[PDB]
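**Student:** Take this structure first; my questions come after.
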């Protein structure tokens, strides 16, 4: 548990439906959502691989569970069920205990995906932006659509806004 | 592993007995311990659920392990003993490895809880306090019992102590 | 996923072959690698324990898989086949999923180690060094081999260099 | 593979016995009949000659052979049908061998019959022979099933549509 | 980026193939290679979506597949109404679908000059 | 199910236009849309895209900050407001509808565009 | 084969063996043709003796 989901970001966004993780920017030009496509695609690939690993790693053979025994062979019968029930027990203890664990793991995975996304932009904005809580930032300068597009892309160009940000922050 | 337990917080506290994670505060009024009830209760709930998931997912049926065979059916005895030995081997391996993995998961859970507590208080105090190690924060102003009670509760009121802190930080 | 490996540290070092996690220092005296022996040794011990737990926990008993049945006992050839196929399926599924999950656990363990090393050096240097990206630091003062050796060892002695760092930082 | 073939022809192979055994418990469309794959032999004229028949397997497959042994309810029926106080049925093969003797008893009435027929089966290996010898109480085989065993399946006891 | 061929030709009733490849990689089924037909004066039409899936309306002369790390559109029995520009749209982890330059298929109906 | 495009023409450099596309035969509340352009002598180039509910919006790196794609569900219309047009904006503009894909509860952009529009020729100049 | 060895097939013939090794199709078994009753049971019993 990394403290990003149900942590410093209390709730999710219903309006951002085309991804799992995203940004919400607010400018003079306007406000808007933008899902992060790369992280969402990587997470989708991971979840798909996990589901396929759970599903397609059980290859069985043609068997016919079920045998007929008369009165004169009860031990025989009592052995057969001891096999059958036994197998069921194992599977019923594995599958039920399997899903649970991966469920937890999945709920950790998404959390990490959010947390890293919060860290990456932090390392990009530095002192040029101030954390206002709720897991997001307020800029010390004027960011147009180009600035926020660059922040989302991964190339903020910190030095260019450094001096105005310094002038506005030292207040 | 998150680096809190046996990390930047090297040792535990024996005086804090009513919780797993807590605070130690020092004022002019006096020093004291205070366990974080919410996080400790959440951890207790999670651990109880994990133990219950391990224990109560094993639902077996009425069985009688043990058969009697004469010397004229040795194949029968051998098949029965093969079934018994295979079940014993599967269960021994699965149980031992499962306990081994869950112990690591639980320790990582506690470490994550402690690191999230530290991160919460760090984000709350911001530059009004300086980090000194051992998971400790030295305030730049005078925090009475009200101040640290607010820090523990979750409502620090950063602006109210802001300017004074600056006067003591640019010294 | 802790975001260090393939995260803010994009690639590995081919020239650092005597450890898993290390440092690269560049001074006026010269540049060089130095693996962190303590963290590497702890990780090696953990991995060895993991491998031994997987391997040295299969305690099997002397068995002879295989029985001979004539044409008048087909139900028992079928039951023996059922037992064998069930055990094979269980072991195949369990082994495959087990290795699949521990591989993820091991990768996360190495990522956690790298991230913790970076956090330790970051918290040690405080504001005497600038995060220049690529997951590493540039000093605000002149560090000879003693300074870098102290950083690697774990005793940086920040207030010795704080004043010159402030002089060179507030430029 | 599954083929039904005549192991012992009805018109031939029984020249000294009557092959028109018929029972009311096996009634088909009103009048009494008997099985299709078995042949009930009763003494012709006023005597039941000794019988010794043999079948050699040349089908390159294991052949399922089914026969039966008849247990009349009283001694009177035994004398009337087979004319011998005590009879024997010997079935001999390379890996199967068994002798049967009629067990005359007044069993509880089932399907309006008091005597019984015990049905026996064997699997003949390729290139193997089966020998029947009897002086009475033989429900001789008529149709043999040449089959090849496949994978291990079962019997589903259900009443559901087949598609 | 996506690379196609500038122009190709086919005689009527002849089978032709059009290729679509990345400039610096391979094209797999996860790229979902779509094929769009554009006639002048009319909207482009999705001839192929996914690797091989084809809409009902589109004739069955058009089939597609991934062959040799390259998406391919095969037209078996090219009629006279298949003289258009064919564009290949690939999927790269975003809503930004990169398009090929375009391939002008010329169904020959006159002697070459 | 047809899309009709309109609102383009000859505009001076530094001006503005508002291209509009009207869809007949379906509802816009559950489909994602895109605007694509073909420059003269060049291949098809992605310009902008809008999600199913209109919340998410993505722009090409060359037209960011100057183009705004919006959706009016009441009128069943998709608008591309183009501002501060430069000479490189001369093109033929198509409005396309993304095929419906649903991956783990999320709307997709995998299969491409199923319904395109006839297109509108937008030309700018400084002569 | 096990039958031929335990019966004494002329053209054939230790005090402890862990397991028996046999050819896929032995040719010197029961020289006189016949049926060996409970052959699989005897093979299982003689598989390992002390």
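All Cβ positions, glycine included, derive from the backbone under ideal geometry; neighbour counts span all protein chains shown. Every read-out reported here was derived from the displayed coordinates using simple, explicitly stated rules and does not represent laboratory data.
**Student:** Springs between alpha-carbon pairs under 10 angstrom, Gaussian network model over chain C: which of C:34, C:64, C:95 fluctuates most?
**Tutor:** C:64
**Student:** Using alpha carbons only, what's the Rg to Rh ratio of the range A:1-97 with Rh from Kirkwood?
**Tutor:** Using Cα coordinates only, the ratio equals 1.35.
**Student:** Right, here's the next one. Given R₀ = 25 Å, what would the calculated FRET efficiency be for residue C:146 paired with residue C:167, taking r from the Cβ atoms and rounding to 0.05?
**Tutor:** 0.80
**Student:** Could you give, in nm with one decimal, how far residue C:127 is from each other copy of that position, shortest first, with labels 7 Å out from Cα toward Cβ?
**Tutor:** Between copies, matching label points for residue C:127 lie 0.6, 0.7 nm apart.
**Student:** So what's the projected area for the range D:13-88, the Cα convex hull averaged over all directions, in nm²? Mind dumping the intermediate values first?
**Tutor:** Numbers: hull surface 27.6 nm².
Mean projected area of the Cα convex hull: 6.9 nm².
**Student:** Return the FRET efficiency for the residue pair residue D:88, residue B:88: r is the Cβ-Cβ distance, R0 is 51 Å, and the value is rounded to the nearest 0.05.
**Tutor:** So the FRET efficiency works out to roughly 0.45.
**Student:** What gaps in nm, shortest first, separate residue C:65 from its twins in the other copies when you place the label 7 Å past Cα toward the beta carbon?
**Tutor:** Relative to the other copies, residue C:65 has label-point distances of 2.1, 2.1 nm.
**Student:** Please label the shape of chain A as rounded, prolate or oblate, based on the square roots a ≥ b ≥ c of the eigenvalues of the alpha-carbon gyration tensor (a/c under 1.5 means rounded; beyond that, a/b larger than b/c means prolate, else oblate).
**Tutor:** prolate
**Student:** What shape does chain D take by its C-alpha gyration tensor, where a ≥ b ≥ c are the square roots of the eigenvalues and a/c under 1.5 counts as rounded, a/b above b/c as prolate, and the rest as oblate?
**Tutor:** oblate
**Student:** In addition: Nearest 10 degrees, 0 to 90: what angle lies between the long axis of helix A:158-169 and the longest principal axis of chain A (Cα atoms)?
**Tutor:** 70
**Student:** Given axes a ≥ b ≥ c from the Cα gyration tensor, I'd like to know whether the range D:79-124 is rounded (a/c under 1.5), prolate (a/b larger than b/c) or oblate.
**Tutor:** oblate
**Student:** Could you run the Debye sum over the Cα atoms of the protein assembly as shown, one equal point scatterer each and no solvent, and tell me log10 of I(q)/I(0) at q = 0.07, 0.10 Å⁻¹, two decimals?
**Tutor:** Here log10 of I(q) over I(0) equals -0.91, -1.27.
**Student:** Note down the nm distance, to one decimal, between modelled labels 7 Å out along Cα→Cβ at residue E:108 and at residue D:80.
**Tutor:** 9.9
**Student:** Can I ask one more? Return the average number of partner chain Cβ atoms within 10 angstrom of each residue Cβ along peptide C:121-128. Mind dumping the intermediate values first?
**Tutor:** Values: counts 0, 0, 4, 1, 0, 2, 0, 0.
Averaged over the peptide's residues, the number is 1.
**Student:** Right, here's the next one. What angle, in degrees between 0 and 90 and rounded to the nearest 10, separates the Cα long axis of helix C:74-125 from the longest principal axis of the Cα atoms of chain C?
**Tutor:** With rounding to tens, the tilt is 0 degrees.
**Student:** Based on the Cβ-Cβ distance of residue A:68 and residue D:131, what FRET efficiency does E = 1/(1 + (r/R0)^6) give at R0 = 30 Å, to the nearest 0.05?
**Tutor:** That gives a FRET efficiency of 0.45.
**Student:** Would you compute the Debye intensity of the range B:113-154 from its alpha-carbon atoms alone, equal scatterers and no solvent, and pass along log10 I(q)/I(0) at q = 0.20, 0.28 Å⁻¹ to two decimals?
**Tutor:** -0.61, -1.15
**Student:** Run the simple label-point estimate for residue D:45 and residue F:127 please: 7 Å along Cα→C-beta, distance reported in nm.
**Tutor:** 12.9
**Student:** From other protein chains only, count the Cβ atoms within 10 Å of every residue's Cβ in A:64-76, then give the mean.
**Tutor:** 3
**Student:** If you don't mind, another one. Consider a paramagnetic label point 7 Å from the Cα of residue A:81 along Cα→Cβ; state which residues of the range B:64-99 have an amide N under 14 Å from it.
**Tutor:** B:64-66
**Student:** Let me ask another. Can you list the distances in nanometres, one decimal and ascending, from the residue C:146 label point to the identical position in each other copy, with the point 7 Å along Cα to Cβ?
**Tutor:** Reported distances to equivalent positions: 5.0, 5.0 nm.
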